Amino acid sequence: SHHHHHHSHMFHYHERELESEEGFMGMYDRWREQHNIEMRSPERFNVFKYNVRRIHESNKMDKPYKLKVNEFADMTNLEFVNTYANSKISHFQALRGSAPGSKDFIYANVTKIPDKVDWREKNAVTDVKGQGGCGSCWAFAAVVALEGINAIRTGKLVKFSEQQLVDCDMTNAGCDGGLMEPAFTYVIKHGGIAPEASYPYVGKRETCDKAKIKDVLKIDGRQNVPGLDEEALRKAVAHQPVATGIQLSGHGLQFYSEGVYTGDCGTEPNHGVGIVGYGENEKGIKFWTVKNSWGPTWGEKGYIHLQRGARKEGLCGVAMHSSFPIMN
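Calculation rules
Residues numbered from 1 in each chain as written, not as in the entry; some residues may be left out. Heavy atoms only, no water. UniProt positions renumbered as here; feature names shortened; annotations may be inferred. 1 Å grid on protein atoms, 1.4 Å probe; cavity = no way out; pocket = protein on both sides within 12 Å on 5 of 7 lines; lining within 4 Å. Helix = DSSP H or I, 4+ residues; strand = E, 2+ residues; numbered from the N terminus. Buried < 20%, exposed > 50% of the residue type's maximum accessible area, 1.4 Å probe, protein only. Contact = heavy atoms within 4.5 Å. Salt bridge = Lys/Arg side-chain N within 4 Å of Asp/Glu carboxyl O. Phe/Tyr/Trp six-rings, centres within 6.5 Å; stacked < 30°, edge-to-face > 60°. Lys NZ or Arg CZ within 6 Å of the ring centre and 35° of its normal. Disulfide = S-S within 2.5 Å. Polar contact = N/O pair within 3.5 Å; in protein donor to acceptor, adjacent residues only side chain to side chain. Core = buried A, V, L, I, M, F, W, Y, C linked by side-chain atoms within 4.5 Å.

Header annotation of the entry names X-ray crystallography as the structure determination method and lists the resolution as 2.0500 Å.

**Student:** Teacher, can you tell me more about the UniProt feature "active site" in the chain here?
**Tutor:** Here the UniProt feature "active site" sits at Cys137, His271 and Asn292. Taken together, the annotated residues stretch across 156 residues yet fold into one region, lying no more than 9.0 Å apart by C-alpha. Of the annotated set, the members that line the largest cavity are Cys137 and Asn292. Tracing the chain through its elements places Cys137 in helix α5 (residues 137-154). Its relative accessible area of 0% is what places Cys137 among the buried residues. Excluding anything up to four places from it in sequence, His271 contacts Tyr84, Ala85, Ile89, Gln131, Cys137, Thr244, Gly245, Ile246, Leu248, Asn292, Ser293 and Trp294.

**Student:** What should I look at first to understand the pattern of salt bridges in this one?
**Tutor:** Close approach of charged atoms allows side chains with opposite charge to pair. According to the stated counting rule, one finds 14 salt bridges in the structure shown. With its nearest N and O atoms 2.8 Å apart, the salt bridge here joins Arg30 to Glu17. Linking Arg30 in helix α1 (residues 21-34) with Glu17 in the segment before α1, this pair joins segments that are 13 residues apart in sequence. A relative accessible area of 27% places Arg30 in the partly exposed class. Overall, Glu17 belongs to the buried group, its relative accessible area being 9%. Between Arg222 and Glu181 there is a salt bridge; the shortest N-O distance is 2.7 Å.

**Student:** Looking at this model, I keep getting lost on the packing of aromatic side chains. Mind explaining?
**Tutor:** What characterises a pair of aromatic rings is the spacing of the ring centres plus the angle enclosed by the ring planes. This structure, assessed with the given rule, holds 19 aromatic pairs. Ring centres 6.4 Å apart and planes at 90° place the aromatic pair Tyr256 and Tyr261 in the edge-to-face group. On the accessibility criterion, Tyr256 (0% relative accessible area) is buried. Look at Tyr261 and you get buried, because its relative accessible area is 2%. These aromatic residues form a ring-pair network of at least three members: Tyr65, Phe72, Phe80, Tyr84, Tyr256, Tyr261, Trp294 and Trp298. Just above the ring of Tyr28 sits the side chain of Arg32; from NZ or CZ to the centre is 5.5 Å.

**Student:** Quick question: what am I supposed to make of the state of the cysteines here?
**Tutor:** Two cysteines joined by a covalent bond between their sulfur atoms form a disulfide. A full pass over the atoms with the stated rule returns 2 disulfides. In this model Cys134 forms its disulfide with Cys175; the gap between the sulfur atoms is 2.0 Å. Taking the torsion about the S-S bond as the criterion, the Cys134 to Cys175 disulfide, at about -95°, is left-handed. With a gap of 41 residues between them, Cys134 in the loop between β2 (117-118) and α5 and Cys175 in the loop between α6 (162-168) and α7 (180-189) connect regions that are remote in the sequence. Its relative accessible area of 4% is what places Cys134 among the buried residues.

**Student:** Help me understand the side chain of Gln131, please; the structure alone is not making it clear to me.
**Tutor:** Checked against the element boundaries, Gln131 lands in the loop between β2 and α5. At 2.7 Å, the side chain of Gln131 forms a polar contact with the side chain of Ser293. Residues within four places of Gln131 in sequence aside, it is in contact with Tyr84, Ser87, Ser136, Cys137, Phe140, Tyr201, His271 and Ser293.

**Student:** In this structure, what is going on with the UniProt feature "disulfide bond" in the chain? I would like to understand it.
**Tutor:** For the UniProt disulfide linking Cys134 and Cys175, the S-S separation comes out at 2.0 Å, below the 2.5 Å cut-off, so the bridge is there in this model. Below 2.5 Å lies the sulfur separation expected of a disulfide, and the 2.0 Å found between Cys265 and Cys316, a pair UniProt records as linked, sits within that range. With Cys265 in the loop between β5 (256-261) and β6 (271-280) and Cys316 in the loop between β8 (303-307) and β9 (322-326), this pair connects stretches of sequence that are 51 residues apart. Like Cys265, the residue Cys316 is buried in the burial classification.

**Student:** Any chance you could explain the nonpolar core here in plain terms?
**Tutor:** When a protein is soluble and globular, its nonpolar side chains tend to lie buried together. Judged by nonpolar contacts, the single largest core of 61 residues is most densely connected at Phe48, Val69, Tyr261, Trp288 and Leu306. Beyond its immediate sequence surroundings of up to four residues, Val69 is in contact with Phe11, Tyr13, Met27, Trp31, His35, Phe48, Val52 and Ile55. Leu146, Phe160, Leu179 and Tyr186 belong to the second largest nonpolar core, which has 28 residues in total.

**Student:** In this structure, what is going on with the environment of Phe72? I would like to understand it.
**Tutor:** Tracing the backbone shows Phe72 in the loop between β1 (65-67) and α3 (77-84). Under the relative-accessibility criterion, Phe72 is labelled buried at 9%. Here the alpha-carbon distance between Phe72 and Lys49, two residues 23 residues apart in the chain, equals 12 Å. Non-local contacts of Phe72, meaning those with residues more than four positions away in its chain, are made with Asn51, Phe80, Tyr84, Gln254, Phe255 and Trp298.

**Student:** What exactly am I supposed to notice about the side chain of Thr289 here?
**Tutor:** Along the chain, the position of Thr289 falls in strand β7 (residues 286-291). Separated by 3.1 Å, the side chains of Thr289 and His305 make a polar contact. Every residue in contact with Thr289, bar those within four places of it in the chain, is listed here: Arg120, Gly274, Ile275, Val276, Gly277, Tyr278, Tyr303, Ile304 and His305.

**Student:** Help me understand the environment of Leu306 in this model?
**Tutor:** Its location among the elements puts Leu306 in strand β8. Classification of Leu306 by relative accessible area gives buried; the value is 0%. Residues contacting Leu306, with those up to four places away along its chain left out, are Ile246, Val260, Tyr261, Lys286, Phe287, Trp288, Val290, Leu315, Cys316 and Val318.

Below you can see the structure in the form of structure tokens.
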């Protein structure tokens, strides 16, 4: 639309299909076929119409991001969040760790950092993975940061094992959730992390198998980024990918397709992610580039650009509990 000035794997539909039950049923059957969904019912059709109407209405608003009628269109946001964003980061942080913002931060004294950073362009980021229903986002987030530090130093990009963390790290709660900081402690104290090729992901906690732990990446330390400080977070991201918690609730996040996400978001992280970059789009909107673990069909081939500088806690609580491994 002419008057829109904040903007500039996709399911196509015509607005006319929303005007009748027949058009909506035809759209629903076409959506099911394109996403390889066989399951249909009056209730799922009802959820589909509710979500599509919200997606359609959201896309008529002037904002720098778009939503798409993805494969999660027949899920209510409550079912979606309970299945895919249930790693309990804020919950375990309150039970185990410190409030956000509280040896010193290794990047504290850095003054000169680039305006734009994209670790994907520097062979420090592996392909997007799929976590499934398992509340193991803390292990995926820790692994993004470990794959990052290893590749920056050695020049060889190796996928590391989330499964080893899920099975072996007894300080965390496996598929029930956990935290990145103790996952890094586990890697330091218990001998290192094996490549994915040696300890593959199964999406459920199994017996810790010592035979699969070989050709390990060893690290020396880890630290938290000083919380509630997006500038301190920018200093750490300029040096390496950072593991952080984010809250991914709301229809805006279930259906996020592209652009800089500036929508509603809470400050109770429930999903671990890796921050692999930052920048500013052509319209002056500052962002973080976040690697998610919902596969390549969600967002921009599995990524989300989140608004940077939105609030003290960062948008979606991105700057509350961030941490990174050290190899000194």
